[PDB]
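The structure under discussion appears below in the form of structure tokens.
Read-outs: derived from the displayed coordinates by stated rules, not from any lab. For neighbour counting, all protein chains shown are included, and Cβ atoms are generated from backbone atoms with ideal geometry for every residue, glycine included.
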Amino acid sequence: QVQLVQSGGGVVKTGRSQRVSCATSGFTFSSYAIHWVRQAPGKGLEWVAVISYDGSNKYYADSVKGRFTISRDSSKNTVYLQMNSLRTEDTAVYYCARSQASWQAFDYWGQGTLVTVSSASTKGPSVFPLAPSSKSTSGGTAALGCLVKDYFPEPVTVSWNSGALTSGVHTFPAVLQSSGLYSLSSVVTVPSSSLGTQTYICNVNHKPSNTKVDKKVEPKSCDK
Amino acid sequence: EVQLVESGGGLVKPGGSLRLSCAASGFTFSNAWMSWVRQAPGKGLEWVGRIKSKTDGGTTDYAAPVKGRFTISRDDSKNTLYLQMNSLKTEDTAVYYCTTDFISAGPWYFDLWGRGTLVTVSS
Amino acid sequence: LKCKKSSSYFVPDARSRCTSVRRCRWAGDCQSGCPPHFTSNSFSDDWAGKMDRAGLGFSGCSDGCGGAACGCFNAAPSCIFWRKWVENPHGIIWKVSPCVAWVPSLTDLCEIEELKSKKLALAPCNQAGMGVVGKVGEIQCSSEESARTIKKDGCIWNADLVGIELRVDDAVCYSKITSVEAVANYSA
Amino acid sequence: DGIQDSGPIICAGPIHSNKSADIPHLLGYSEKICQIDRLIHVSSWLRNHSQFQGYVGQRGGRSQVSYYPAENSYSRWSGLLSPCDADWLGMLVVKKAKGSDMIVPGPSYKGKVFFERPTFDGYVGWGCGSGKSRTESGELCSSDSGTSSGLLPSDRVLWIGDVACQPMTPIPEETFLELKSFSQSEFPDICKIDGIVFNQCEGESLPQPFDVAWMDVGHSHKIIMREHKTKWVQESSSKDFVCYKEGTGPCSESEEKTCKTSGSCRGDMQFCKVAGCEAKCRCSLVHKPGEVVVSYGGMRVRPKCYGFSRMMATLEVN
Amino acid sequence: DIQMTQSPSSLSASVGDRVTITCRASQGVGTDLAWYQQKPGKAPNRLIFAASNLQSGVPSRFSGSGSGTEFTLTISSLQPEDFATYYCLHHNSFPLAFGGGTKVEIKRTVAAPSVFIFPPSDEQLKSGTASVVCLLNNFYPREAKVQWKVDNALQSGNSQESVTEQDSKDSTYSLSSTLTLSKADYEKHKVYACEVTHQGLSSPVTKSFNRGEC
Amino acid sequence: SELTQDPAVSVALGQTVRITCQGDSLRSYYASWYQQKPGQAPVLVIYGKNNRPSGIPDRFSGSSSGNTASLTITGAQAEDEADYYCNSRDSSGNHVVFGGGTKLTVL
Ligand SMILES: *[C@@H]1O[C@H](CO)[C@@H](O[C@@H]2O[C@H](CO)[C@@H](O[C@H]3O[C@H](CO)[C@@H](O)[C@H](O)[C@@H]3O)[C@H](O)[C@H]2NC(C)=O)[C@H](O)[C@H]1NC(C)=O
Ligand SMILES: *[C@@H]1O[C@H](CO)[C@@H](O[C@@H]2O[C@H](CO)[C@@H](O)[C@H](O)[C@H]2NC(C)=O)[C@H](O)[C@H]1NC(C)=O
């Protein structure tokens, strides 16, 4: 188990720069070479860069040729990646890998980090709970949920009834709308009888917003 | 009608021993010469030893890595080549071929190659 | 068209060979990993003693397998050393003098004179003192005495001309070595 | 002319029918050369003395005969003739082996059927019979399962030494002795070669391998040499033209004589130049440097045969 | 530049089935190829290197073969833990390149989605956003046809959908179609219908809400 | 002594390619050439002085010069991809020596 660590993730606006570090321990740092790999959310992998054991040999990817920088510190045993002239289409998850020569495969990875790019600023969401109705009454069981909207950046999580309502509920992956704010929803399919007296309280656990908005749900009627 | 069969190999822990057999039939076994060559996956052919016939006397000869650990002999009645391995080391894991000359006469003009047998020497 | 011969070096007939040896914690050197006393030029004593200490090469140490199934007792994580080098079995070394400019008697051309058979050939080569891979000039030795065994003193090297990928016991002698003969025979 | 030919002279390698077939006599120069390209002459010799039956040299002919040492120079030209070939044309005789003869050590004797060596006073050829082949030391023939067919591959024939030769111009007898007198000083240490006295010595050591170049003139024996110069002289006589009309076989001796004397048959550049040219019988050149002339002791010589091979020698016990 | 493709873009099998996946090259790359795996939410691992050799620490059931432009990975015995996206890598020359990857998922029976639709609430109406959502639950296979008819009219480029990942108990997906509209258009329509056509659906099944009744 | 081979070579489908095995022990002896498709046993292709056995097309050729032997194949075809080896004896006259091995592929 050769092990590595990394640091430097988060969110950044357009036009700036950013740096990520990968620190290694458990092998002869002078006799090896270092690689970076990025993974876009919901898509495949892509090759990034490669640095050799002495700095003599460096190679960059064609798509991001001339804009990235990779270096290593043979004393402290850490590799630094610098990204310059960022855009909003560089968003992915980054991982650090190792090889002996500059042209063989990879052997061990790290844990990776998230780097996010957009033009907006931090903001916490407000949830408008979805009301089950007699229109959705299907065999004595209906569904109800909370639609968390207008947040950037990630993450957001939802817990029903302080974790007491945990079975039968789903939470969806988010989407990034045209304005540029991730949003999602979570719903549970519950018996329609429980809509009469068994009320619910959905709590959205968004930490960076410095807020905890927790809301109750009521049924609605659309038979007018 | 010409066949060559290798049998008697298997898995052995380091420091072990084993005997291997290369049998044949369909012609006269009393005259020809036999040899041994192994090649590990990713490695080419490598000479080990060879046993001659009674016309000269069937003398023996093995290379330096093999000499001192292995031996080679034959049985005329049962018409089969046999090899014995003792004090096996981790650097001998390979598949083994027995070679002979039948039509193209000559000491190192091997043409008939057996199927080969596997030997894995590890803990 | 006779070359204007510049300075000369020696390019040897190169064959790559690699070795690697696994040492447990109870071996004596492995205590909590590879000791920081081991670097690229350092050597190890549990390798094959047939290796010529004077020769060129590249060495490294790493963490390897640990458990009762990898020959080390008490499930102690081990230390694996490895080395790769090149050698000349046939001693066919070629004396190379770059052609800086051509005179009647294309660019970056050179002369690679054969020493034994005195055969002459023309092929581009790197400037004396840089290991560009894929061209002539991968292994440069100052004197023929240096290149007959490839001692570590007067020869340069790019370690990546030889490959290595460890297993539980041994490694792979991957070769990116480019023969000057295949380049100078068709171009003769 | 001087270009090495990686191909047969006039005919392709044959395929034969049965090993008991009879070998007819022929008359034509080209007719016999075509036989020399099929290794028929060795097939006749192995019958005459070795009692062997069946052809030799299947599918390869003369282009696939073995030589020792393997690095051979004159074997590339298809024009040069070996001693076994020269026997077929009434140029010399390769005699049978005897008990007093000594076999050279060094070549790969195993599995062979016929091999010939130059001896200080002639040429000696060893052979084996039907269904047999030699041992490593080349002492006795023993049965082998690789000879059941009787049409053996051309690999099973060995010719020791790099030798080739040509027609010879007679030399006065007294010349040979006065060259031999000078040849005594070239290798003073040796005393007896192949059981023949070379220098006046009393006691000799055991036989050993020895290396030397030599030429043949006739008389009692050959003339060894230490240092000498050679040269290729071109003459382009009538023996340098052989030909073969396509479809059936070489042109008959009557037609061959006509085409060689009348100039009424198709020919190539040299043939059209020397005698003129008018299906038919197209006659061409050969791939040999031509004729050999060797100079020794100032008085240059035209040899019968010139080559290189290994011999047996003895040293005076001191 | 050079490209590398995989085939096929999606497979599926039950426990024990043998699976083949192919990586095709525009040029022969010798033996310089490797295969990689990422289980969901982890960094990748390596399985096969040098196009014929297996990484230590991997169960031997995985294997690969090929040369030049024909490369194939074959899993003789398949298990759910093997279910990940498998990528092919080449390292013959710079620049290196990955593959598009092949996804492996569970095969199972067919269930019928239940189409639910939620009219937007009132606090949002005071704020001023129109969110019309149609939720679909427990459908398979992943192919699904969701369409919107507002006043029996078709919109464009104003809906988003996301899929719940492979369930760990019954391998059933789920989906939700959202529609974002300005407040003004919200009072310029009378009927909002979402219809679903599915391969497991015998007929198209629709439902709707009318702004009058809400 | 030792026998050395080119690590690998490739040639497109349609022309002639040459493989060279060199060694100082071939001045007095021939060497024999072997073919092996990855996944099966070797098969002999050339021995002696350009002797090709029955079953091998005459489209192969073998030659020698100095201390270098050469196996040569014309009109390349995509089904002949394999690896090739050269073997001979040693100076002491007691052993058998093998070469490295050349991997031939057809483009
Ligand atoms: C093997 O022995 C053979 C004798 O059994 C011998 O064949 C004989 O060769 C001589 C010389 O060419 C021929 O002699 C006469 O041939 C014709 C008659 O047809 C005459 O015109 C010639 O002038 C010549 O005097 C014999 O005819 C011939 N025997 C037969 C039956 O054809 C072989 O030459 C011997 N082989 C070797 C390699 O020496
Ligand atoms: C085998 O070769 C012999 C020798 O030529 C052939 O025997 C000849 O056969 C013909 C007709 O059958 C006779 O006229 C000759 O007198 C025979 N000669 C001898 C020496 O026997 C025989 O026919 C051949 N068998 C084949 C070709 O199958």
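Values for this structure:
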item: Peptides D:123-129, E:3-9 ordered by average Cβ neighbours within 10 Å, highest first; result: D:123-129, E:3-9
item: Partner chain coverage, peptide B:44-54 - average Cβ within 10 angstrom; result: 3
item: Of C:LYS50/C:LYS152; A:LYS212/E:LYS42; A:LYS43/E:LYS107, those spanning more than 24 Å from alpha-carbon to alpha-carbon; result: A:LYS212/E:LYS42
item: Helical mean residue ellipticity (222 nm; -39500 (n - 2.57) per DSSP H run of 4+; nearest 500) of chain D; result: -4000 deg cm²/dmol
item: Sorted by Cβ neighbour density within 10 Å, fewest at the top, the residues E:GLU105, D:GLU31, D:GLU227; result: D:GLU227, E:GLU105, D:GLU31
item: Relative exposure of A:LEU181, E:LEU135, judged by other C-beta atoms within 10 Å (fewest first); result: A:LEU181, E:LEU135
item: Estimated 222 nm signal from helices in chain C, with DSSP H stretches of n ≥ 4 weighted -39500 (n - 2.57), rounded to 500; result: -1000 deg cm²/dmol
item: Descending principal axes extents, the stretch A:101-162, alpha-carbon based, whole Å; result: 66, 34, 23
item: Radius ratio Rg over Rh of the stretch B:3-117, counting only Cα atoms, Kirkwood formula for Rh; result: 0.94
item: Assigned charges on the beta-carbon of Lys, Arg, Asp, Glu; the stretch D:242-284 dipole about Cα centre (debye); result: 100 debye
item: Rg in Å to one decimal, and Dmax rounded to a whole Å, for the stretch D:255-318 via C-alpha atoms; result: 21.5, 73
item: Rounded FRET efficiency, nearest 0.05, which uses the C-beta distance separating B:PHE102 from D:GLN4 and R0 of 41 Å; result: 0.75
item: Derived scalar couplings ³J(HN,Hα) [the stretch F:27-39; Karplus, 6.51 cos²θ - 1.76 cosθ + 1.60; whole Hz; x for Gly, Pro]; result: 5, 10, 9, 6, 9, 10, 10, 10, 10, 8, 7, x, x
item: Convex hull projection area averaged over all views, the stretch A:126-216, Cα basis, nm²; result: 6.3 nm²
item: Debye intensity ratio I(q)/I(0), log10, the stretch B:84-123, q values 0.22, 0.24, 0.30 Å⁻¹ (C-alpha model); result: -0.76, -0.81, -0.98
item: Intensity falloff of chain E expressed as log10 I(q)/I(0), Debye formula with alpha-carbon point scatterers, at q = 0.09 Å⁻¹; result: -0.54
item: Projected area averaged over orientations for the protein assembly as shown, convex hull of C-alpha atoms, nm²; result: 66.1 nm²
item: Average beta-carbon neighbours from other chains, 10 Å sphere, peptide B:96-107; result: 6
item: For the stretch A:184-224 versus the stretch E:63-86, the gap between their alpha-carbon centres in whole angstrom; result: 45 Å
item: Whole-number D in µm² s⁻¹ for the stretch F:2-50, Kirkwood Cα-pair radius fed into Stokes-Einstein, 20 °C, 1.002 mPa s; result: 164 µm²/s
item: Mean projection area, nm², convex hull over Cα of the stretch E:4-106; result: 6.1 nm²
item: Estimated FRET transfer efficiency when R0 is 22 angstrom, pair E:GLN166-A:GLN111 (beta carbons, to 0.05); result: 0.40
item: Top of F:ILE19, F:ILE46, F:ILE56 by mean-square fluctuation, Gaussian network on chain F, Cα under 10 Å; result: F:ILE56
item: Kirkwood Rh in Å, taken over the stretch D:242-284 so that all alpha-carbon pairs contribute; result: 10.2 Å
item: Cα-only Debye scattering, chain D: base-10 log of I(q)/I(0) at q = 0.15 Å⁻¹; result: -1.30
item: Assigned charges on the beta-carbon of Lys, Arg, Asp, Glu; the protein assembly as shown dipole about Cα centre (debye); result: 2620 debye
item: Percentage, to the nearest whole number, of Cα pairs in the stretch E:114-210 over 23 Å apart; result: 28 percent
item: P(r) histogram, all alpha-carbon pairs of the stretch D:29-165 included - 10 Å bins from 0, percent; result: 11, 46, 37, 6
item: Chain D: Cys lacking any partner C-beta under 4.7 angstrom; result: D:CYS84
item: Nearby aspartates and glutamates by direct alpha-carbon distance to D:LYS273 (threshold 19 angstrom, same-chain neighbours under 8 apart not counted); result: D:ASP1, D:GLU235, D:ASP240, D:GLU256
item: Added length on full extension, which subtracts the Cα-Cα distance from 0.36 nm per residue, D:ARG76 to D:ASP22; result: 16.3 nm
item: Under the Karplus curve 6.51 cos²θ - 1.76 cosθ + 1.60, θ = phi - 60°, whole-Hz ³J(HN,Hα) for the stretch D:48-60, x wherever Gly or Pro sits; result: 5, 10, 7, 6, 6, 10, x, 5, 9, x, 4, 6, x
item: Separation of the E:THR20 and F:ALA8 label points, Cα + 7 Å toward Cβ, nm; result: 2.3 nm
item: Added length on full extension, which subtracts the Cα-Cα distance from 0.36 nm per residue, A:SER71 to A:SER85; result: 3.3 nm
item: Dimensions (Å) - chain A, Cα atoms, principal axes, largest first; result: 76, 38, 30
item: Ratio of Rg to Rh over chain C (Cα coordinates, Kirkwood Rh, two decimals); result: 1.11
item: Cα Rg, Dmax, the stretch D:3-90, angstrom units; result: 13.2, 39
item: Size of electric dipole in the stretch E:169-214: Cβ of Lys, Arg +1 and of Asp, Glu -1, about Cα centre, debye, nearest 20; result: 100 debye
item: Karplus-derived HN-Hα couplings along the stretch E:79-92 (A = 6.51, B = -1.76, C = 1.60, θ = phi - 60°), whole Hz, x at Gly and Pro; result: 10, x, 5, 6, 6, 8, 8, 9, 10, 9, 10, 10, 9, 6
item: Hypothetical label at A:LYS224: residues of the stretch E:98-122 whose amide nitrogen lies under 20 Å (7 Å Cα-Cβ projection); result: E:117-122
item: Within a Gaussian network of chain A (alpha carbon springs, distance under 10 Å), most fluctuating of A:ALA23, A:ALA40, A:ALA164; result: A:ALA164
item: Listed residues D:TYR29, D:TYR109, D:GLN58: farthest to the positive end of the dipole of the stretch D:29-154 (Cβ charges); result: D:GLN58
item: Cβ-derived FRET efficiency at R0 56 Å, E:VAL191 paired with F:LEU107, nearest 0.05; result: 0.30
item: Order of E:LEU89, C:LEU109 - criterion: other Cβ atoms within 10 Å of each residue's Cβ, fewest first; result: C:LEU109, E:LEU89
item: Residue-averaged beta-carbon neighbours from other chains (10 angstrom radius) around E:63-70; result: 2
